[PDB]
Amino acid sequence: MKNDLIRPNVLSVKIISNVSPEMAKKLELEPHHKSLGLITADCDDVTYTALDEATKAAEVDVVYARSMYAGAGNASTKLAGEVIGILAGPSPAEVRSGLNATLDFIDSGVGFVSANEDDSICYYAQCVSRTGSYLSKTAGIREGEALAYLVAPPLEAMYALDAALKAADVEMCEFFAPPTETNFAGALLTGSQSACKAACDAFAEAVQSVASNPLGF
Amino acid sequence: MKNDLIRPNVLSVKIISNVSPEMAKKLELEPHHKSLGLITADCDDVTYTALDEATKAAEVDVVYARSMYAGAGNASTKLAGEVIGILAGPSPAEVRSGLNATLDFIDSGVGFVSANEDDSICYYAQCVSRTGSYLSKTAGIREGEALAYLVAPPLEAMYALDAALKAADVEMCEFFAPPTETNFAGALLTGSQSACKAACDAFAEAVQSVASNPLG
Amino acid sequence: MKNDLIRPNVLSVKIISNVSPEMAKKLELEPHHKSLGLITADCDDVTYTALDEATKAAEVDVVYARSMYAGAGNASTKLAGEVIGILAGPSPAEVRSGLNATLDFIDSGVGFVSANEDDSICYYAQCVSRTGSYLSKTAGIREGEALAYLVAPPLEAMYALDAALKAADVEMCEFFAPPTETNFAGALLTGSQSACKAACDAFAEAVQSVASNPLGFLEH
Ligand SMILES: [Cl-]
Ligand code: NA
Ligand code: NA
């Protein structure tokens, strides 16, 4: 239904001790990163937000994070979902803490929101009040600054990003040009917490406007 | 069934009147681009042809044109389809004129055509008699010159492109190396209108030939 | 079930005699690339291995080879599968021999293997004893050198690759970072034949290990 949360799910979790030199080199790991935590899930941008939160709760860095082509609904295998993330830390203890924090966030009630009856249009309008080390690096902002994390399907996102930019004193940090691997689009916007919230609200309203009247021009 | 039109459908259309500077930058718009026209549909190359047609009698530029991964049949949301296009113009009125032209073309009877009994193989063989500003730029020809816009699934397209090039006095301008985002392939060929027509006919026949004997 | 072969299937095969010069240029064909063999199939990495074999068996080069987005299961048309390969040679006969060698290999018993009961996790762990001209070029090794060709879905692959690198005296030549077009991941590793074989076995076991307990420590 409209305004329902689309529930995100974790599919697979694994820890590696004493990562191989070859893999460390290929992943451009820092010397302290001896352990890796792997995770996959069926919702990419929620998971990216979750991994960022994990960098606040534990001594881990996000060293790999990528989306799958055509989204979770089109996965051909059980554990692929639509995202893989890799946390790195000095030992399995730090990594375990980071994975647990990631899991907790994914199960916290955050998620994409449905814009219609059969949940075939949905969006993400998440105000991150304090970034961790991953989304702050992605956006090119100081760790701890706020972000509006806005994602919707391609036309909805372009229309709604424009509305969001006009509604608040925010800057465009990163543009996810359509298509992302999952055939969405969006942006990371920064500003005061107030400004990011205003942008989130305006984005949500604008996506809903297009969902309610897709051919109205 | 074979030779049936695969009807293209427009899914969403919206106009942005006074585009924000932040978006103008990320989209690399020109200073005279004040308004945007957004469109999505369930068939990309038809939409690209329609956008180009819109540039012919309206002051609009195609500033964004991208296809969706794995095509319209694999779309996960209702309005994504398999293409997004953005027109930019001096005003919302002129953008609307541009979109009106685009929509008219998409509904004109152009489209992908089925090559077999269950429509599981299809192709585009469109003679663009007179290009606009978009496809002429893409192919590297003069606005107003002709193109054969040829698209099919990957093996069929390679086989049929060779057939078209042998059949007609045309040059390859742009090659859509397999896979495009939709897992198709094709090319833009240029030449006289009669040569592009001869290319189109030969392409269609060759795609049909492969569909009829894919392992021979 | 676990250890079942996922049978690879060829969907289309065609020969172009005397390719038009216009095509020949865009495909980056060489003066002796006068004719083309085209093949599509529903399994990409087995086809890449097969095309590499063809370069040993016949006077052909692999001039084009790409995977389709989101894999064969999501193909929208009948013949797209998840891979297109193009062989080129001096004559239709050498291309014909090339394609015959490709087809022979694809039906040889090679393939992805299931890691679980419903075959929803699968992997490729192929020891190429002696590379042809295609995979050697891809890996940056000399033709004739051995490779472990390792592919699995993203988490399984990252885990099992790291396991294979620890298990055997191999080096990573090429990393297929997740996602490939098919939403898999893997690598080409080189070393002696026995070492590549050791990496393959280690890769396969590590993928099976994840498949048998996808949620790791959450499940203990
Ligand atoms: Cl674990
Ligand atoms: Na699908
Ligand atoms: Na079974």
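Sequence lines set the chain letters: A, B, ... in the order given, protein chains first and strands last, and positions in each chain run from 1. Every number for a ligand or one of its atoms is a count from 1 in the order of the listing.
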Count the heavy atoms of every other residue, nucleotide or ligand shown that sit under 6.0 Å from CG of B:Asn9, and state whether that count exceeds 12.
yes

What I want to find out is whether A:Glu22 reaches A:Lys25 closely enough, with some N-O distance under 4.0 Å, to be called a salt bridge.
no

For the Na ion (ligand 3), decide whether C:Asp4 has an N, O or S atom at a distance under 3.0 Å.
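Within the cut-off used here (under 3.0 Å), C:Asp4 places no N, O or S atom near the Na ion (ligand 3).
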
Minimum-distance N/O/S atom that C:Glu117 presents toward the Na ion (ligand 3)
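Sorting the N, O and S atoms of C:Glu117 by distance to the Na ion (ligand 3) puts O first.
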
Under 3.5 Å, is there a donor-acceptor pair between the A:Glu94 and A:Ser97 side chains?
no

Taking the inter-plane angle between the rings of A:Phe112 and A:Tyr124 on a 0 to 90° scale, is it parallel (under 30°), tilted (30 to 60°) or perpendicular (over 60°)?
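Answer is parallel, since the angle falls under 30°.
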
Hey, what's the angle at the Na ion (ligand 2) spanning OD1 (B:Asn74) and OD1 (C:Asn74), nearest 10 degrees?
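B:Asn74 OD1 and C:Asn74 OD1 form an angle of 100° at the Na ion (ligand 2).
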
